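Quick heads-up: it's one chain on its own, the form solved without D-mannonic acid (CS2), in structure tokens.
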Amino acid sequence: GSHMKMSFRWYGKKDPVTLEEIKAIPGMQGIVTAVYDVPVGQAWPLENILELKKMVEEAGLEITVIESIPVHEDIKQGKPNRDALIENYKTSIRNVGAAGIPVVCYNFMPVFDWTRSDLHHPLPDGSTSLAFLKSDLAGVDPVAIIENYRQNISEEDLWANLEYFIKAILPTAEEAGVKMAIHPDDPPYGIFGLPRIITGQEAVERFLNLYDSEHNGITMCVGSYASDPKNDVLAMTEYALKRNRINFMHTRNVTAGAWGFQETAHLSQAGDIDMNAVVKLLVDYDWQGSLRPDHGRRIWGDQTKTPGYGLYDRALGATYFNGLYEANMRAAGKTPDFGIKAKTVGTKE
């Protein structure tokens, strides 16, 4: 039966936003984080991981998702030395299972993790936000790897590069008891001459099939998939739930059509995603995992640099999912839990 742990992203010691503050978000249970002192491709030690955990748990919370044991471009590129990098991935996996963290979250997106044309695009209310202006700048080389991809490696070269990968790590993932969750490409389509393959329903279906197991699931990031209208998140989310292969939810809204795309407040009505439908769906399928609001607007004096990762609107995101998850739970004769063990401290009757 259902079990959704409201979660927040936290970059660790050097985060603008603190655990004190994250904890104050009504219903917050999971911290979604990573090790940041180990170079990409290089293998996370247990101590790095337990350091983060000790901090997070003292704050009165738990790490429920490692967001991103990063994939070395060499691996993505399909270069001969991959196995070396892959064996390191296997260690990091083994190490996270060792810390008791249920899920690992990763992308297979070549040289770029995300693309945004404007980082302060105005919205109909004064708040800024990020957008992808299909017009602006677009159609210019970003000023060796890129040319490699552009020239040689096809999408199906990437499909085989990727299957090699997940075929290498999955048994390790299984023994650690860690659920992999592949993060869609963002935007979910070819740019810059680079290829993207994790982009829609057909790909989620081919990907899961790469290695048929729950240890091999997706991170349903509705705002990424829906950054291309060619995509319908609802049937995608459902297909994926019907199949038991969502291991992580992100839940940011986005407005889109043929013109490009722009991130908006989480509220279904502010963008093109019916967020109620999304969580109603998480409800009826007794989904068990974690959800993060993910990405916000710049509202108020918001001084967090690091892009959509300011506290305020992301917090205003979780409490909206609080209302959505709770109302839908009740509607179905289901009793919602938010992990509150005490209303008060020291008073009581």
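Quick note: we count residues from 1 along the sequence shown, nothing fancier.
Another form exists, solved in complex with D-mannonic acid (CS2); not displayed. Remarks below refer to it.
With the site C-alphas superposed, D-mannonic acid (CS2) from its pose in the deposited complex keeps every atom more than 2.4 Å from the backbone and C-beta atoms of the shown form; the site is open. Every residue in the set 9, 183 and 295 has a non-hydrogen atom no more than 4.5 Å from D-mannonic acid (CS2) in the deposited complex. For the chain shown alone, residue 250 is a contact residue for D-mannonic acid (CS2) in the deposited complex, at least one non-hydrogen atom being within 4.5 angstroms. In the deposited complex, residue 113 approaches D-mannonic acid (CS2) with a heavy atom inside 4.5 Å. Residue 227 falls outside the set of residues with a heavy atom inside 4.5 Å of D-mannonic acid (CS2) in the deposited complex.
Interface membership of residue 312, defined by any non-hydrogen atom within 4.5 Å of D-mannonic acid (CS2) in the deposited complex, is ruled out.
Stretch-level contact check against D-mannonic acid (CS2) in the deposited complex with heavy atoms at 4.5 Å: of 302 to 310, 53 to 61, 315 to 323, 23 to 31, the positive one is 302 to 310.
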